[PDB]
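Participant: There's a structure below that I have some questions on.
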There are 2 protein chains.
Amino acid sequence: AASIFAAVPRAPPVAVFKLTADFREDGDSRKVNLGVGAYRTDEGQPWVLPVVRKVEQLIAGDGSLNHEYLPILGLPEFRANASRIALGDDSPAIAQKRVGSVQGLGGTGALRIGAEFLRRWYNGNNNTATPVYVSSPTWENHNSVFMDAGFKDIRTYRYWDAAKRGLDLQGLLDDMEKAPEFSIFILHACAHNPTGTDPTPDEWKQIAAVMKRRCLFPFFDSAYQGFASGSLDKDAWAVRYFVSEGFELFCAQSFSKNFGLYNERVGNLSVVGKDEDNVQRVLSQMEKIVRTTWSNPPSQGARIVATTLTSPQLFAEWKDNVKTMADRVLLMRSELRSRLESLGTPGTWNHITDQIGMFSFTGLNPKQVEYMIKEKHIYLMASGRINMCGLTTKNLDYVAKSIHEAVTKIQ
Amino acid sequence: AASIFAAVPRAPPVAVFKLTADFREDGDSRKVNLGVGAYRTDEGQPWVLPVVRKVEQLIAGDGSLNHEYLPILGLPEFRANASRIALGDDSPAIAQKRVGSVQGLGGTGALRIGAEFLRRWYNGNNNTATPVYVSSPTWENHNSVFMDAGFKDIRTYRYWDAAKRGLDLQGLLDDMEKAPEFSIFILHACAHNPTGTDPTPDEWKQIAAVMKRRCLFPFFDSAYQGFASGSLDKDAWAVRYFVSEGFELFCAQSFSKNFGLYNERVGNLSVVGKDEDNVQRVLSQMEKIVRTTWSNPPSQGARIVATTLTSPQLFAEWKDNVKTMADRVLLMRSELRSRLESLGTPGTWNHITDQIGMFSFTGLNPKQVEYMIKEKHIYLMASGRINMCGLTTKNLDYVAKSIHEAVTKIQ
Ligand SMILES: *Cc1c(COP(=O)(O)O)cnc(C)c1O
Ligand SMILES: *Cc1c(COP(=O)(O)O)cnc(C)c1O
């Protein structure tokens, strides 16, 4: 008769990916992709890390590997090593056998499993009322992941100060001071998406004081370790500080960007609990959650990461590759800002060099963004967020001039 | 003090996987792993298919490949081809452009995405009361996946007849007759897990007639296409019959077993709708579901499959590899019937031979199973379910004997 799907509404496509598709089909020779948060070389091309290519060849020559199911929680070598990189080899948590790790389908999969676990066993039993706090603004998928896992009350914490083009520390702390005890806070470890604005170590200490006092739960999202500053240790400062202060916490780690393994979906969920027994019990429940979601994780991506992290020579080469990407972005920040300034572009552009990681929050309004896209063929998010990795020595002038036109002629 | 996880109970581990862990840990030299549904050669080792081996080399040498994110719904070439394999090249549904595909994390991931979709948009909006029927017995994860998706009413339809050692057609039909309109039925496409007993085509026509009249929803679970008989076309008959009968349905395909790609998590969810518009709207919603689960799927496994399916030469080789596996199972069944029979062991064993796929529902009760596990050192499911691929020309009698004992001694 009528289709059983007759009343199913058409949902719009996920914005960031649609932006990419639009860009790919555009035939204008001046096109620039500043949308999705992916790394690009100075030639504007994707970059498979040299260390990755190397491990890929190793893997392919190893006739000893098979394709049998991995354990539900994931590849052991991968899990242990991933958590070690996030927390540091000398972590008190590792020494005390207080850390558990669950392999996830990229950083998103790790966040999802963590959300699912909390909804069922944290702050009660099947308590969907625990508030979940996200930054204002934050990566779109945070809200969605938490709502799909079952949470009903998602709130925001002050973060970006548009007027000042910086961190609204006072409002952030105020929102935390008034958050009900046990509330869940989604925190970006470093390289905030989409602002690029991070708290300084001194500000992080203020944040942790409130959270400890009010028993707020720190759920870190770490998708850019290394990418931010070129240093794995500096980039993990916040996470390690919380661990050292004695918090129990979760850390969703992605290897999509730091390893350039986007399409292999490699992530890890680190669980830091009070003791060994508690983490083991958490893990046992997470195994049940994974079982009904993806059953067990894929191996290719995890094996590349595990091989790299366990070999001293490969590990050193990976660190170099990561620093190459971070340095490139630094260069682009400096270069764009300079151009904008010399062009006499209205406003202040120091946020361009103050910001960290892949993104910069430009301040462009929606009509100004439309202009960039429709007229200049420069693809960026509606929020005015730009991916600095899309910038090259060859397209810098064009982009800086386009921004100048947008601020001046669209106003 | 007092961890936030203090009261989180220790969950029992996933049975099948636990069984493999124990096995590996066991020291007895008579060790037989008759648990997990994974193929093994006559030498009792995992088998990476030759075609997979070839494609893996092909991939590794292709320098044009990159690791940029795949579209949310999956690798286009994989999507198209996978559905083609399930429905047939000449499928009118494919010709009418009324088939949609979503790449999933193994067959489990495909089932999960389908379940999440149904719960939100089928038979009303967010109608968690729609009954979901699973066979008696079935693959344990069926219940778990649907419950996790939000469904509260999971029922069973009669299936196995312990007395006749076959399909209880009358009970099954009766269960369908009494099922409320619009109920969801989880159907095994072929090689029923765990009984190995499938309806014949005429029995399938009878099942379909009742489903059609009562508007029952067919949710096919296709994890063994090519294993029930060694022929991909034979094994897909029932799904294709339903399509030809005009049904709207879902088919969750797994490539874990037929490609031996267990650890690369390659699956596909095929959606068959009344027309293109309907399938397009369904897919738009599936995109949002995938976004919050794994974001986008991994590439390795899907690339292997797509490459295989798109090359006539590789495709023919794959078909040969699949037949090798099927034939080897037929041999073991043939044989078993022999040792048991010829060796004066009581009962009717034409079920071992009438049973199709990896599993045989033996008959061993819990204690015989325990007998078999603790003294003998033959690991198998608690149900009496044996994995034929565990048998070999050199472990044979030691296993038949064992069963002879359990049916003699310990019963
Ligand atoms: C990229 C990103 C993720 C998701 O990473 P995947 O590995 O692609 O799932 C999560 N959080 C933030 C802040 C990200 O930038
Ligand atoms: C193996 C299997 C699945 C799921 O397979 P994966 O690809 O491992 O997720 C689903 N259903 C049945 C009946 C199976 O045997």
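We label chains A, B, ... in the order they appear in the structure tokens, count residues from 1 in each chain, and number ligands from 1 in the order shown.
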What are the DSSP helix (DSSP H, G or I) residues of range 208-287 of chain A, as an MDAnalysis selection string?

Facilitator: chainID A and resid 208:213 232:235 237:244 262:264 276:287

Participant: Deliver the residues from the most recent selection as a file, using C-alpha atoms, as a PDB file, in the first residue's frame.

Facilitator:
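What follows is the written file part37.pdb:
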```pdb
ATOM      1  CA  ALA A 208      40.006  22.077  38.341  1.00  0.00           C
ATOM      2  CA  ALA A 209      39.504  23.712  41.781  1.00  0.00           C
ATOM      3  CA  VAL A 210      35.795  24.319  41.119  1.00  0.00           C
ATOM      4  CA  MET A 211      35.272  20.891  39.555  1.00  0.00           C
ATOM      5  CA  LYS A 212      36.882  19.107  42.517  1.00  0.00           C
ATOM      6  CA  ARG A 213      34.918  21.109  45.052  1.00  0.00           C
ATOM      7  CA  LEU A 232      52.817  15.455  22.966  1.00  0.00           C
ATOM      8  CA  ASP A 233      53.625  16.392  26.618  1.00  0.00           C
ATOM      9  CA  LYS A 234      52.661  20.030  26.480  1.00  0.00           C
ATOM     10  CA  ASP A 235      49.415  19.104  24.723  1.00  0.00           C
ATOM     11  CA  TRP A 237      49.208  19.032  30.319  1.00  0.00           C
ATOM     12  CA  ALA A 238      45.572  19.595  31.323  1.00  0.00           C
ATOM     13  CA  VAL A 239      44.669  15.893  31.329  1.00  0.00           C
ATOM     14  CA  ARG A 240      47.701  14.892  33.368  1.00  0.00           C
ATOM     15  CA  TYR A 241      47.090  17.782  35.820  1.00  0.00           C
ATOM     16  CA  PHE A 242      43.591  16.490  36.553  1.00  0.00           C
ATOM     17  CA  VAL A 243      44.943  12.938  37.009  1.00  0.00           C
ATOM     18  CA  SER A 244      47.588  14.221  39.420  1.00  0.00           C
ATOM     19  CA  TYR A 262      40.940   9.656   9.581  1.00  0.00           C
ATOM     20  CA  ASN A 263      39.514   6.777   7.528  1.00  0.00           C
ATOM     21  CA  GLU A 264      40.793   3.981   9.751  1.00  0.00           C
ATOM     22  CA  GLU A 276      42.191  -1.190  39.949  1.00  0.00           C
ATOM     23  CA  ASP A 277      38.997  -3.054  40.901  1.00  0.00           C
ATOM     24  CA  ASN A 278      36.785  -0.110  40.033  1.00  0.00           C
ATOM     25  CA  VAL A 279      38.332   0.313  36.572  1.00  0.00           C
ATOM     26  CA  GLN A 280      37.989  -3.413  35.932  1.00  0.00           C
ATOM     27  CA  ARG A 281      34.300  -3.291  36.751  1.00  0.00           C
ATOM     28  CA  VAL A 282      33.797  -0.297  34.526  1.00  0.00           C
ATOM     29  CA  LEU A 283      35.542  -2.143  31.674  1.00  0.00           C
ATOM     30  CA  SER A 284      33.416  -5.250  32.151  1.00  0.00           C
ATOM     31  CA  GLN A 285      30.321  -3.121  31.524  1.00  0.00           C
ATOM     32  CA  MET A 286      31.866  -1.317  28.619  1.00  0.00           C
ATOM     33  CA  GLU A 287      32.450  -4.702  26.981  1.00  0.00           C
TER      34      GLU A 287
END
```

Participant: Find the residues around residue 127 in chain A up to 12 Å (only C-alpha atoms counted), leave out those fewer than 3 positions away in its own chain, and share them as a count of residues only.

Facilitator: 20

Participant: Using only C-alpha atoms, find which residues of chain B lie within 6 Å of chain A and jot them down as a ChimeraX atom specification.

Facilitator: /B:3,5,10-11,67-69,105,108-109,145,261-265,274,278,281,284-285,292-294,298-299

Participant: Could you check the closest approach to ligand 1 for each of A:78, A:315, A:139, A:361 and tell me which residue wins, using only C-alpha atoms and all ligand atoms?

Facilitator: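 The answer is A:139, which sits nearest to ligand 1.
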
Participant: Within 10 Å of residue 229 in chain A, counting only C-alpha atoms, which residues show up once you throw out same-chain ones fewer than 5 positions away? Write them as a PyMOL selection string, please.

Facilitator: chain A and resi 190-191+224+234-235+322-323+325-327+329-330+356-357

Participant: Could those selected residues go to a file with N, CA and C atoms, as a PDB file, in the first residue's frame?

Facilitator:
```
ATOM      1  N   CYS A 190      42.926  20.232  24.445  1.00  0.00           N
ATOM      2  CA  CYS A 190      43.726  21.286  23.840  1.00  0.00           C
ATOM      3  C   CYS A 190      43.209  21.516  22.402  1.00  0.00           C
ATOM      4  N   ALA A 191      43.595  22.620  21.749  1.00  0.00           N
ATOM      5  CA  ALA A 191      43.145  22.880  20.397  1.00  0.00           C
ATOM      6  C   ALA A 191      41.620  22.866  20.299  1.00  0.00           C
ATOM      7  N   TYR A 224      43.476  16.247  19.391  1.00  0.00           N
ATOM      8  CA  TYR A 224      44.587  16.918  18.742  1.00  0.00           C
ATOM      9  C   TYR A 224      45.895  16.889  19.505  1.00  0.00           C
ATOM     10  N   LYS A 234      53.295  18.763  26.239  1.00  0.00           N
ATOM     11  CA  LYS A 234      52.661  20.030  26.480  1.00  0.00           C
ATOM     12  C   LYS A 234      51.159  19.891  26.239  1.00  0.00           C
ATOM     13  N   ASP A 235      50.811  19.256  25.125  1.00  0.00           N
ATOM     14  CA  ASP A 235      49.415  19.104  24.723  1.00  0.00           C
ATOM     15  C   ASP A 235      48.554  18.295  25.681  1.00  0.00           C
ATOM     16  N   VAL A 322      54.618  14.769  13.316  1.00  0.00           N
ATOM     17  CA  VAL A 322      53.640  15.590  14.027  1.00  0.00           C
ATOM     18  C   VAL A 322      54.126  17.033  14.140  1.00  0.00           C
ATOM     19  N   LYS A 323      55.405  17.204  14.492  1.00  0.00           N
ATOM     20  CA  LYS A 323      55.953  18.552  14.600  1.00  0.00           C
ATOM     21  C   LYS A 323      55.960  19.269  13.245  1.00  0.00           C
ATOM     22  N   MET A 325      53.616  19.093  10.968  1.00  0.00           N
ATOM     23  CA  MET A 325      52.255  19.588  10.789  1.00  0.00           C
ATOM     24  C   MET A 325      51.982  20.802  11.677  1.00  0.00           C
ATOM     25  N   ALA A 326      52.400  20.707  12.948  1.00  0.00           N
ATOM     26  CA  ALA A 326      52.183  21.786  13.880  1.00  0.00           C
ATOM     27  C   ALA A 326      52.920  23.064  13.441  1.00  0.00           C
ATOM     28  N   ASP A 327      54.172  22.914  12.980  1.00  0.00           N
ATOM     29  CA  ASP A 327      54.963  24.041  12.537  1.00  0.00           C
ATOM     30  C   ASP A 327      54.355  24.691  11.319  1.00  0.00           C
ATOM     31  N   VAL A 329      51.182  24.900  10.506  1.00  0.00           N
ATOM     32  CA  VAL A 329      50.047  25.686  10.936  1.00  0.00           C
ATOM     33  C   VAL A 329      50.501  26.987  11.592  1.00  0.00           C
ATOM     34  N   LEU A 330      51.587  26.924  12.375  1.00  0.00           N
ATOM     35  CA  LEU A 330      52.110  28.131  13.020  1.00  0.00           C
ATOM     36  C   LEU A 330      52.493  29.197  12.001  1.00  0.00           C
ATOM     37  N   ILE A 356      45.122  28.296  18.821  1.00  0.00           N
ATOM     38  CA  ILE A 356      45.927  27.076  18.746  1.00  0.00           C
ATOM     39  C   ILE A 356      45.281  25.889  18.045  1.00  0.00           C
ATOM     40  N   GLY A 357      46.093  25.102  17.354  1.00  0.00           N
ATOM     41  CA  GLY A 357      45.605  23.907  16.674  1.00  0.00           C
ATOM     42  C   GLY A 357      45.196  24.222  15.244  1.00  0.00           C
TER      43      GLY A 357
END
```
